[PDB]
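So this first bit is one chain, no partners, the form deposited in one PDB entry, shown in structure tokens.
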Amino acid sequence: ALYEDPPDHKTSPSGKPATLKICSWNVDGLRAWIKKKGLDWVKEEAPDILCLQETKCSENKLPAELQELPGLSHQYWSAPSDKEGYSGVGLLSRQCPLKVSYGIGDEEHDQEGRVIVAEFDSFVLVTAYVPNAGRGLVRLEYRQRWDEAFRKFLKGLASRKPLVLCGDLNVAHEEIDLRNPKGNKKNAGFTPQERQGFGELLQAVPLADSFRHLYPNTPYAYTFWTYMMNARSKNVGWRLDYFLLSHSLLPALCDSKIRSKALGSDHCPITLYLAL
């Protein structure tokens, strides 16, 4: 019932210092989160890149403070075609991106504004807000179709440069990845299809659970807690947000934090330092 995120370890196993900080956050309503003092934290965090999930907001409405964000001058956004005030992702960065694509190159899955790929120098970044299988699992059957595709797309990317996948990947991979593993085997985020698909994901590319790789033992590390009950004040949550990065990035991997004390939404931000 504890979990206290450890200190920020800013060095690789090789030896050299950090040279890239990536923060990702499922803000649960961009606007609201903003009023909730989110940018103060952002400005306070100083990530070189900031991926945001569930922005649930279209560009011709984006809060003004955004542009006013200093070291994040390059802002890219994505929203659902027919879904007003739904899904939506946003990638922000200090250094400008060589190439920036939206979605995973697939019609039916791209129509919800859930993916953004930012190509860089030493690596590539994708930020995603994975399709919730919904309550009663009304969408689990479809979900798996996304996954089938998603891993397919990501693999072809990990063929040129080191890939960095982050966002609400919407899955409690292992039982260690949620406070109550047993009591949720028949609730979204923990289905054996989702979990399997996720594992299948790791192997296929392949990719690595940055955090898990740093704390294989460390339990109670949740990045999401439902608003229901006093969930957060009781740390009874799930860890649905990850930093999956190609194998080649592991000798450069510094840390993977779960900034729990960061208040703003049902999810907490997650930062990835890279000694690139």
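Sequential numbering from 1, following the sequence displayed.
The form solved in complex with a small molecule exists for this protein as well; it is not shown, and the discussion that follows is about that form.
254, 20, 258, 23 - the one with a heavy atom within 4.5 Å of the small molecule in the bound PDB entry:
That would be 20.
Quick one: of 139, 94, 155, 145, which gets a non-hydrogen atom within 4.5 angstroms of the small molecule in the bound PDB entry?
None of the other options qualify; the answer is 94.
Picking from 147-155, 122-130, 100-108, 187-195, which part of the chain touches the small molecule in the bound PDB entry when contact means heavy atoms within 4.5 Å?
Going by heavy atoms within 4.5 Å, the stretch is 122-130.
Please determine whether residue 28 contacts the small molecule in the bound PDB entry, using a 4.5 Å cut-off between heavy atoms.
Output for residue 28 is no: heavy atoms all beyond 4.5 Å of the small molecule.
Taking heavy atoms and a 4.5 Å cut-off, does residue 48 contact the small molecule in the bound PDB entry?
Because a heavy atom of residue 48 falls inside 4.5 Å of the small molecule in the bound PDB entry, the answer is yes.
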